[PDB]
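Novice: Before we start, here is the structure in question, set down as structure tokens.
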Amino acid sequence: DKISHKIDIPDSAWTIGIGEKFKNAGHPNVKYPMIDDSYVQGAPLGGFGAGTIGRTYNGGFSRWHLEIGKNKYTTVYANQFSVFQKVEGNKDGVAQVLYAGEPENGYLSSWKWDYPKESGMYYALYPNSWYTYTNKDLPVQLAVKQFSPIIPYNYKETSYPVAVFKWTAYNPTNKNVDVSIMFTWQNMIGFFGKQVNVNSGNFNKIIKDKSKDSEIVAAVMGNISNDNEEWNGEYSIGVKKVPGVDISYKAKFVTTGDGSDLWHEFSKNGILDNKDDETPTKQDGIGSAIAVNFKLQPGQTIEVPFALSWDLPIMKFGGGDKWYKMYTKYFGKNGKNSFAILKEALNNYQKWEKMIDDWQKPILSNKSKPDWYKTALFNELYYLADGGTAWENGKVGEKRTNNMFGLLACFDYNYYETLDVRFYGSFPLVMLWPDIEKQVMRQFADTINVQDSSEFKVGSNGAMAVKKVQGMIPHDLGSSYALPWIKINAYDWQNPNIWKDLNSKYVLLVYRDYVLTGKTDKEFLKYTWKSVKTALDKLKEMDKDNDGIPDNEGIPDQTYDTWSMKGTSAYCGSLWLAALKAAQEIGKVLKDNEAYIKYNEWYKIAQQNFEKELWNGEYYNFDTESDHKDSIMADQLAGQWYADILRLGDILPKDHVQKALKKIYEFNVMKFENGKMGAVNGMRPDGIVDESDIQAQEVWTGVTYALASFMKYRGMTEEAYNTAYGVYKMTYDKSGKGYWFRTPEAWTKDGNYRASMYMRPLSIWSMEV
Ligand SMILES: OC[C@H]1O[C@@H](O[C@H]2[C@H](O)[C@@H](O)[C@H](O)O[C@@H]2CO)[C@H](O)[C@@H](O)[C@@H]1O
Ligand SMILES: [Ca+2]
């Protein structure tokens, strides 16, 4: 490997060999169908709300999130980079697709597949990833840096449906070598959203932008229709001319053929026919190819940038609503703007790289923090783009000031903004994109007094329940299969209108968002204040025995939605205490004296009774009435964790908090698989995992990272990082279970998982508070 020295890959990048087989991979541990797309994954490309494309470590464009809210894992084999090299003096050159695999059928059989093992590496530090190609049959070594401009405090470039592929080529040998790099792409209009005639009318055009010193050649792959529908739009690939390279192209090759129409040209001398052809296709799939060719002398390095854009302006959800995607604000809504997007990227990518370096640098340059922590911190952010992210710029046929936003809990449980989960998972938004965060919280504020008296069947018990109760915060803002933002509470496994954590978590999120954006946004507190008071007042009514604390009802009435709580729980009780203290402080800020007094009174009574009911001398009991009420719960003091972040002080005695955290580390971490897999949710006082429910026997990745932040704040530095390390190890390490770029909700002791591609582990960002 002589190419790594010519590029700048951070030491904390996650790494794997191109073509590497992984032997230890985990699988779903449930009986019902659950997504398992394998360990062949990579860091995604594409902005927030743009739809994303997962290009894997083997080189294939395979994990398709272009249909917003959906996950489709299938390799589109025409989409590749390929290389040609010929040493000066030799008769023939060699050509190779940079993909460690081959197609299933005979399409593209003429191409040179099966990029060999031990001939290159993949690296990822989101939003960047890299491939290096160090092949004994390729004398010129190549590397590519690929990224989308995902930039904190930037809501413009961060939305773009674009990727840049910055190539570096170096000749370490003593002979001149002719080199070509070719980008191929299938015209994917009709890949989704089209029931019949899926390729019909697709056509490719070549754009030559010859502005002085900024020459770009691109293919625009669209459809002759000017219809404005979810399926229609354009894809573009292209390249910027640099000194010493020539550009060639082929407008149209057939993807549902042997591919020799293209490959016979490329494999000969790395130069394409430059044949423009706008003839639309009928049944055949078609694609385009953009290539560069150059001669590298001994010791010479050259850099050349390619790009990919996709202008698919409309997202449709299963309930029938069509919305424009956020980036349409910047490029238009007609779906004929892919070149404009591509051109912006090709002309500004160096600026974007610097903007990304500028935001990563404070963390990467901190030599007190281990590399592994940096690996997890940055790579967990993949989910902000890859979580079915929806960000609207108007309903089709509709103008509002704000742009509604939603991130999925996951794909298996296809619910937008699940509030009990976002309590953990929204840290990156408040810390890095706070205008999005506050918009999402205003969305929740607006739902507080919505009433929907129509009934739904509760999955867990078959009982009928009211969809949405006035004064109760919703579980979620809908499903991509139905009507995001419009029909809330798509979740039906339990009835969230009786949950004991949602209303408290809502208040805690509101106050968090004020505190972590500098305690200046009084406007945000004013907007949400009525909903905060309502939320707490309603939850107070669920106190059955006048101890001042809502009563869990002997069912799963909170985020651990198969794990029953009864009476006063440590989890919901501590959240309640903290929410009361937050509301007191908001009351002070807004000069609502009567609110301050009321919530202070409730707080004092509840605090006294919580301590008396649950403090056992070593930790806080799980709850007051369950069969295993004395279980040690990893999340028992979630309210105090948030109180630390919100700077609300002690809600429970410091001595008791420290004892509880030490107990959790000693038991839930260190007695669970030697502390190498995170914190198991429930452990019995005898050091055996609690078997009352499956969720007690799971490590929750987002709970464990949040617990690590709690330990860190409380000075338990070694414990914090050791606790988090197990989650990193399972996700990323060779000894783990192969969950990179699909971190799950949970795993059991065998390492098998539930719900890959999950929002909650974004809570790792709570470690940066
Ligand atoms: O629906 C989300 C919810 O699913 C729970 O799993 C259920 C599943 O929905 C149901 O179809 C199947 O028959 O039973 C399982 C429970 O065993 C899951 O446990 C929840 O955590 C999740 O929120
Ligand atoms: Ca009570």
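Chain labels A, B, ... are given in the sequence in which chains occur in the structure tokens; within each chain residues are numbered consecutively from 1, and ligands are likewise numbered from 1 in the order shown.
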Residues within 8 Å of ligand 1 should be enumerated using only C-alpha atoms and all ligand atoms and returned as a list in words.
Specialist: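 So the residues close to ligand 1 are residues 30, 32, 412, 413, 459, 460, 491, 492, 493, 559, 560, 561, 562 and 695 of chain A.
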Novice: Export, as a PDB file, in the first residue's frame, the selected residues with N, CA, C and O atoms.
Specialist:
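Below you can see result.pdb, which holds the result:
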```
ATOM      1  N   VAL A  30     -35.907 -12.943  16.808  1.00  0.00           N
ATOM      2  CA  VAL A  30     -37.379 -13.034  16.956  1.00  0.00           C
ATOM      3  C   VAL A  30     -37.962 -14.045  15.960  1.00  0.00           C
ATOM      4  O   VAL A  30     -37.299 -14.429  14.994  1.00  0.00           O
ATOM      5  N   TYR A  32     -40.909 -13.594  14.218  1.00  0.00           N
ATOM      6  CA  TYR A  32     -41.631 -12.927  13.142  1.00  0.00           C
ATOM      7  C   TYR A  32     -40.594 -12.414  12.137  1.00  0.00           C
ATOM      8  O   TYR A  32     -39.412 -12.324  12.481  1.00  0.00           O
ATOM      9  N   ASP A 412     -38.245  -1.837  10.546  1.00  0.00           N
ATOM     10  CA  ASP A 412     -39.132  -2.921  11.000  1.00  0.00           C
ATOM     11  C   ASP A 412     -40.353  -2.383  11.736  1.00  0.00           C
ATOM     12  O   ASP A 412     -41.452  -2.932  11.595  1.00  0.00           O
ATOM     13  N   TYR A 413     -40.153  -1.337  12.520  1.00  0.00           N
ATOM     14  CA  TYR A 413     -41.202  -0.652  13.262  1.00  0.00           C
ATOM     15  C   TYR A 413     -41.246   0.766  12.700  1.00  0.00           C
ATOM     16  O   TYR A 413     -40.580   1.682  13.209  1.00  0.00           O
ATOM     17  N   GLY A 459     -52.377  -4.408  19.788  1.00  0.00           N
ATOM     18  CA  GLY A 459     -51.738  -5.649  19.381  1.00  0.00           C
ATOM     19  C   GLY A 459     -51.464  -6.631  20.508  1.00  0.00           C
ATOM     20  O   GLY A 459     -51.656  -7.833  20.340  1.00  0.00           O
ATOM     21  N   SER A 460     -51.022  -6.132  21.657  1.00  0.00           N
ATOM     22  CA  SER A 460     -50.575  -7.003  22.746  1.00  0.00           C
ATOM     23  C   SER A 460     -51.707  -7.785  23.415  1.00  0.00           C
ATOM     24  O   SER A 460     -51.474  -8.880  23.892  1.00  0.00           O
ATOM     25  N   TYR A 491     -48.255   3.491  15.651  1.00  0.00           N
ATOM     26  CA  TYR A 491     -47.950   2.386  16.551  1.00  0.00           C
ATOM     27  C   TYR A 491     -49.202   1.893  17.271  1.00  0.00           C
ATOM     28  O   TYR A 491     -49.980   2.696  17.777  1.00  0.00           O
ATOM     29  N   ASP A 492     -49.377   0.576  17.286  1.00  0.00           N
ATOM     30  CA  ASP A 492     -50.548  -0.037  17.937  1.00  0.00           C
ATOM     31  C   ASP A 492     -50.258  -1.257  18.791  1.00  0.00           C
ATOM     32  O   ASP A 492     -51.200  -1.885  19.280  1.00  0.00           O
ATOM     33  N   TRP A 493     -48.986  -1.591  19.023  1.00  0.00           N
ATOM     34  CA  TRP A 493     -48.653  -2.763  19.840  1.00  0.00           C
ATOM     35  C   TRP A 493     -49.148  -2.602  21.292  1.00  0.00           C
ATOM     36  O   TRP A 493     -49.636  -3.559  21.906  1.00  0.00           O
ATOM     37  N   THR A 559     -41.611   2.786  27.160  1.00  0.00           N
ATOM     38  CA  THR A 559     -40.728   2.365  26.057  1.00  0.00           C
ATOM     39  C   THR A 559     -40.314   0.904  26.064  1.00  0.00           C
ATOM     40  O   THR A 559     -40.131   0.304  25.002  1.00  0.00           O
ATOM     41  N   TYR A 560     -40.157   0.323  27.254  1.00  0.00           N
ATOM     42  CA  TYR A 560     -39.884  -1.106  27.374  1.00  0.00           C
ATOM     43  C   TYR A 560     -41.229  -1.812  27.225  1.00  0.00           C
ATOM     44  O   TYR A 560     -41.843  -2.267  28.202  1.00  0.00           O
ATOM     45  N   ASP A 561     -41.681  -1.878  25.979  1.00  0.00           N
ATOM     46  CA  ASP A 561     -43.093  -2.122  25.684  1.00  0.00           C
ATOM     47  C   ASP A 561     -43.508  -3.595  25.668  1.00  0.00           C
ATOM     48  O   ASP A 561     -44.618  -3.918  25.232  1.00  0.00           O
ATOM     49  N   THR A 562     -42.630  -4.476  26.146  1.00  0.00           N
ATOM     50  CA  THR A 562     -43.046  -5.824  26.559  1.00  0.00           C
ATOM     51  C   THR A 562     -42.687  -6.127  28.023  1.00  0.00           C
ATOM     52  O   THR A 562     -43.008  -7.208  28.518  1.00  0.00           O
ATOM     53  N   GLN A 695     -37.133  -8.303  27.063  1.00  0.00           N
ATOM     54  CA  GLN A 695     -36.453  -6.990  27.107  1.00  0.00           C
ATOM     55  C   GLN A 695     -35.531  -6.844  28.302  1.00  0.00           C
ATOM     56  O   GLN A 695     -34.506  -6.154  28.215  1.00  0.00           O
TER      57      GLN A 695
END
```
Novice: For ligand 2, return the neighbouring residues as number ranges by chain (distance at most 7 Å; only C-alpha atoms and all ligand atoms).
Specialist: A: 543-551, 567-568
Novice: Figure out the distance between CA of residue 320 (chain A) and CA of residue 226 (chain A), please, to one decimal in Å.
Specialist: 20.6 Å
Novice: Name the residues of region 250-357 of chain A that come out as alpha helix (DSSP H) in a backbone DSSP run; write them as a VMD selection string.
Specialist: chain A and resid 260 to 269 328 to 331 338 to 357
Novice: When you look at residue 185 (chain A) with a cut-off of 8 Å (counting only C-alpha atoms), what residues show up, excluding the ones that are within fewer than 2 positions of it in the same chain? I need them as a ChimeraX atom specification.
Specialist: /A:78-80,183,187,237,287-289
Novice: Just write the chosen residues, N, CA and C atoms, as a PDB file, in the first residue's frame.
Specialist:
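As written to disk, selection_26.pdb reads:
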```pdb
ATOM      1  N   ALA A  78     -24.998  -2.562 -12.772  1.00  0.00           N
ATOM      2  CA  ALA A  78     -24.466  -1.584 -13.720  1.00  0.00           C
ATOM      3  C   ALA A  78     -23.786  -0.390 -13.049  1.00  0.00           C
ATOM      4  N   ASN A  79     -24.064  -0.158 -11.769  1.00  0.00           N
ATOM      5  CA  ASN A  79     -23.570   1.035 -11.058  1.00  0.00           C
ATOM      6  C   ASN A  79     -22.213   0.720 -10.456  1.00  0.00           C
ATOM      7  N   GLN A  80     -21.150   1.199 -11.091  1.00  0.00           N
ATOM      8  CA  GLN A  80     -19.798   0.819 -10.684  1.00  0.00           C
ATOM      9  C   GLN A  80     -18.775   1.862 -11.076  1.00  0.00           C
ATOM     10  N   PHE A 183     -17.034   5.612 -14.579  1.00  0.00           N
ATOM     11  CA  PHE A 183     -18.237   5.558 -13.753  1.00  0.00           C
ATOM     12  C   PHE A 183     -19.389   5.131 -14.657  1.00  0.00           C
ATOM     13  N   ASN A 187     -29.868   4.016 -15.762  1.00  0.00           N
ATOM     14  CA  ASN A 187     -31.001   4.914 -15.695  1.00  0.00           C
ATOM     15  C   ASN A 187     -32.060   4.243 -14.833  1.00  0.00           C
ATOM     16  N   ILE A 237     -24.583  11.406 -13.580  1.00  0.00           N
ATOM     17  CA  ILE A 237     -23.187  11.153 -13.226  1.00  0.00           C
ATOM     18  C   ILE A 237     -22.308  12.016 -14.107  1.00  0.00           C
ATOM     19  N   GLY A 287     -28.213   2.523 -19.454  1.00  0.00           N
ATOM     20  CA  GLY A 287     -27.305   3.260 -18.569  1.00  0.00           C
ATOM     21  C   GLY A 287     -26.337   4.118 -19.349  1.00  0.00           C
ATOM     22  N   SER A 288     -25.561   4.910 -18.616  1.00  0.00           N
ATOM     23  CA  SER A 288     -24.564   5.797 -19.179  1.00  0.00           C
ATOM     24  C   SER A 288     -23.226   5.566 -18.516  1.00  0.00           C
ATOM     25  N   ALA A 289     -22.192   6.037 -19.192  1.00  0.00           N
ATOM     26  CA  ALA A 289     -20.807   5.853 -18.762  1.00  0.00           C
ATOM     27  C   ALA A 289     -20.029   7.122 -19.016  1.00  0.00           C
TER      28      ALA A 289
END
```
Novice: Between A:128, A:747, A:390, A:557, which has the minimum distance to residue 12 (chain A) (counting only C-alpha atoms)?
Specialist: A:128
Novice: Taking only C-alpha atoms into account, which of A:103, A:198, A:211, A:1 comes nearest residue 172 (chain A)?
Specialist: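 When distances to residue 172 (chain A) are compared using only C-alpha atoms, the smallest one comes from A:1.
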Novice: Would you mind listing, for every residue of region 382-428 of chain A within 12 Å of region 499-510 of chain A, the two atoms forming the shortest contact and the distance between them in Å to one decimal, using only C-alpha atoms, sorted by chain and ascending residue number, as a Markdown table?
Specialist:
```
| residue | atom | partner | partner_atom | distance |
| --- | --- | --- | --- | --- |
| A:417 | CA | A:506 | CA | 11.8 |
| A:418 | CA | A:502 | CA | 9.6 |
| A:419 | CA | A:502 | CA | 6.7 |
| A:420 | CA | A:502 | CA | 5.9 |
| A:421 | CA | A:505 | CA | 9.6 |
| A:422 | CA | A:509 | CA | 8.8 |
| A:423 | CA | A:505 | CA | 6.3 |
| A:424 | CA | A:509 | CA | 9.6 |
| A:425 | CA | A:509 | CA | 11.1 |
| A:426 | CA | A:509 | CA | 9.0 |
| A:427 | CA | A:509 | CA | 9.8 |
```
Novice: Just to be explicit: take each residue in the selection above, keep N, CA and C atoms, and write the result as an mmCIF file, in the first residue's frame.
Specialist:
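Once written, again-v3.cif looks like this:
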```cif
data_model
loop_
_atom_site.group_PDB
_atom_site.id
_atom_site.type_symbol
_atom_site.label_atom_id
_atom_site.label_comp_id
_atom_site.auth_asym_id
_atom_site.auth_seq_id
_atom_site.Cartn_x
_atom_site.Cartn_y
_atom_site.Cartn_z
ATOM 1 N N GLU A 417 -40.372 9.508 14.342
ATOM 2 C CA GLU A 417 -40.092 10.318 15.527
ATOM 3 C C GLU A 417 -40.547 9.749 16.858
ATOM 4 N N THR A 418 -40.608 8.429 16.958
ATOM 5 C CA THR A 418 -41.060 7.787 18.170
ATOM 6 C C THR A 418 -40.466 8.504 19.386
ATOM 7 N N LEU A 419 -41.327 9.149 20.168
ATOM 8 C CA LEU A 419 -40.842 10.093 21.165
ATOM 9 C C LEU A 419 -40.096 9.415 22.301
ATOM 10 N N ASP A 420 -40.568 8.245 22.733
ATOM 11 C CA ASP A 420 -39.894 7.494 23.790
ATOM 12 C C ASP A 420 -38.489 7.035 23.391
ATOM 13 N N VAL A 421 -38.250 6.907 22.082
ATOM 14 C CA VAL A 421 -36.950 6.548 21.490
ATOM 15 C C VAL A 421 -36.118 7.806 21.234
ATOM 16 N N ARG A 422 -36.745 8.855 20.700
ATOM 17 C CA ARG A 422 -36.005 10.117 20.392
ATOM 18 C C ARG A 422 -35.477 10.811 21.655
ATOM 19 N N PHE A 423 -36.074 10.519 22.808
ATOM 20 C CA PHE A 423 -35.519 10.939 24.106
ATOM 21 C C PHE A 423 -34.020 10.589 24.212
ATOM 22 N N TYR A 424 -33.660 9.436 23.659
ATOM 23 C CA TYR A 424 -32.275 8.985 23.543
ATOM 24 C C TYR A 424 -31.648 9.420 22.223
ATOM 25 N N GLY A 425 -32.361 9.189 21.125
ATOM 26 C CA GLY A 425 -31.772 9.250 19.787
ATOM 27 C C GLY A 425 -31.637 10.620 19.156
ATOM 28 N N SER A 426 -32.203 11.657 19.773
ATOM 29 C CA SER A 426 -32.205 13.001 19.154
ATOM 30 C C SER A 426 -31.024 13.896 19.554
ATOM 31 N N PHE A 427 -30.081 13.372 20.327
ATOM 32 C CA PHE A 427 -28.922 14.180 20.721
ATOM 33 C C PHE A 427 -28.163 14.802 19.555
#
```
Novice: For region 59-137 of chain A against region 38-53 of chain A, with a cut-off of 8 Å and counting only C-alpha atoms, what is the closest atom pair and its distance in Å to one decimal for every residue that makes the cut, ordered by chain and number, as a tab-separated table?
Specialist:
```
residue	atom	partner	partner_atom	distance
A:61	CA	A:53	CA	6.8
A:62	CA	A:53	CA	7.4
A:63	CA	A:53	CA	5.9
A:64	CA	A:53	CA	5.0
A:65	CA	A:52	CA	4.9
A:66	CA	A:51	CA	4.1
A:67	CA	A:51	CA	6.6
A:68	CA	A:51	CA	6.0
A:124	CA	A:43	CA	6.5
A:126	CA	A:43	CA	6.4
A:127	CA	A:43	CA	7.2
A:128	CA	A:43	CA	7.6
A:129	CA	A:43	CA	6.6
```
Novice: Using N, CA, C and O atoms, can you export the residues from the last selection as an mmCIF file, in the first residue's frame?
Specialist:
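So selection_31.cif came out as:
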```
data_model
loop_
_atom_site.group_PDB
_atom_site.id
_atom_site.type_symbol
_atom_site.label_atom_id
_atom_site.label_comp_id
_atom_site.auth_asym_id
_atom_site.auth_seq_id
_atom_site.Cartn_x
_atom_site.Cartn_y
_atom_site.Cartn_z
ATOM 1 N N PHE A 61 -23.560 -0.563 -5.166
ATOM 2 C CA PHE A 61 -24.630 0.322 -4.747
ATOM 3 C C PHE A 61 -25.822 -0.578 -4.448
ATOM 4 O O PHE A 61 -26.492 -1.041 -5.373
ATOM 5 N N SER A 62 -26.042 -0.852 -3.153
ATOM 6 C CA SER A 62 -26.870 -1.986 -2.711
ATOM 7 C C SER A 62 -28.002 -1.687 -1.740
ATOM 8 O O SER A 62 -29.019 -2.387 -1.774
ATOM 9 N N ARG A 63 -27.849 -0.700 -0.860
ATOM 10 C CA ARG A 63 -28.904 -0.431 0.118
ATOM 11 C C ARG A 63 -29.649 0.849 -0.261
ATOM 12 O O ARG A 63 -29.179 1.962 -0.004
ATOM 13 N N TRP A 64 -30.815 0.675 -0.865
ATOM 14 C CA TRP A 64 -31.554 1.759 -1.490
ATOM 15 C C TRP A 64 -32.631 2.294 -0.559
ATOM 16 O O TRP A 64 -33.564 1.568 -0.180
ATOM 17 N N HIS A 65 -32.473 3.552 -0.165
ATOM 18 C CA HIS A 65 -33.455 4.267 0.646
ATOM 19 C C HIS A 65 -34.034 5.443 -0.128
ATOM 20 O O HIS A 65 -34.439 6.437 0.469
ATOM 21 N N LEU A 66 -34.095 5.333 -1.448
ATOM 22 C CA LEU A 66 -34.608 6.427 -2.287
ATOM 23 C C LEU A 66 -36.111 6.578 -2.180
ATOM 24 O O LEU A 66 -36.627 7.691 -2.318
ATOM 25 N N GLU A 67 -36.815 5.480 -1.922
ATOM 26 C CA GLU A 67 -38.227 5.519 -1.603
ATOM 27 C C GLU A 67 -38.313 5.806 -0.098
ATOM 28 O O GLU A 67 -37.963 4.973 0.723
ATOM 29 N N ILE A 68 -38.746 7.014 0.257
ATOM 30 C CA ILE A 68 -38.592 7.506 1.632
ATOM 31 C C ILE A 68 -39.395 6.677 2.601
ATOM 32 O O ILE A 68 -40.613 6.576 2.486
ATOM 33 N N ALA A 124 -14.253 4.090 6.706
ATOM 34 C CA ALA A 124 -15.409 4.958 6.908
ATOM 35 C C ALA A 124 -15.291 5.799 8.166
ATOM 36 O O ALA A 124 -15.053 5.273 9.248
ATOM 37 N N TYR A 126 -17.991 8.640 8.835
ATOM 38 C CA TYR A 126 -19.148 9.345 8.298
ATOM 39 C C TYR A 126 -19.044 10.868 8.553
ATOM 40 O O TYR A 126 -18.773 11.274 9.685
ATOM 41 N N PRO A 127 -19.268 11.724 7.545
ATOM 42 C CA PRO A 127 -19.898 11.402 6.251
ATOM 43 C C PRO A 127 -18.945 10.960 5.131
ATOM 44 O O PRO A 127 -19.390 10.729 4.000
ATOM 45 N N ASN A 128 -17.657 10.822 5.446
ATOM 46 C CA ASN A 128 -16.665 10.335 4.495
ATOM 47 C C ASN A 128 -16.480 8.831 4.510
ATOM 48 O O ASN A 128 -16.542 8.192 5.565
ATOM 49 N N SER A 129 -16.205 8.277 3.335
ATOM 50 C CA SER A 129 -15.667 6.927 3.244
ATOM 51 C C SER A 129 -14.649 6.885 2.115
ATOM 52 O O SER A 129 -14.566 7.810 1.312
#
```
Novice: Would you work out the distance separating CA of residue 184 (chain A) from CA of residue 228 (chain A), expressed in Å to one decimal?
Specialist: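 Interatomic distance, CA of residue 184 (chain A) to CA of residue 228 (chain A): 26.5 Å.
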Novice: Applying 12 Å and only C-alpha atoms, which residues near residue 715 (chain A) remain after dropping the ones on its own chain fewer than 3 positions away? List them as JSON, numbers by chain.
Specialist: {"A": [654, 657, 658, 661, 662, 708, 709, 710, 711, 712, 718, 719, 720, 721]}
Novice: Using only C-alpha atoms, which residues sit within 8 Å of residue 372 (chain A) once same-chain residues fewer than 3 positions away are excluded, as an MDAnalysis selection string?
Specialist: chainID A and resid 12 375:376 725 728
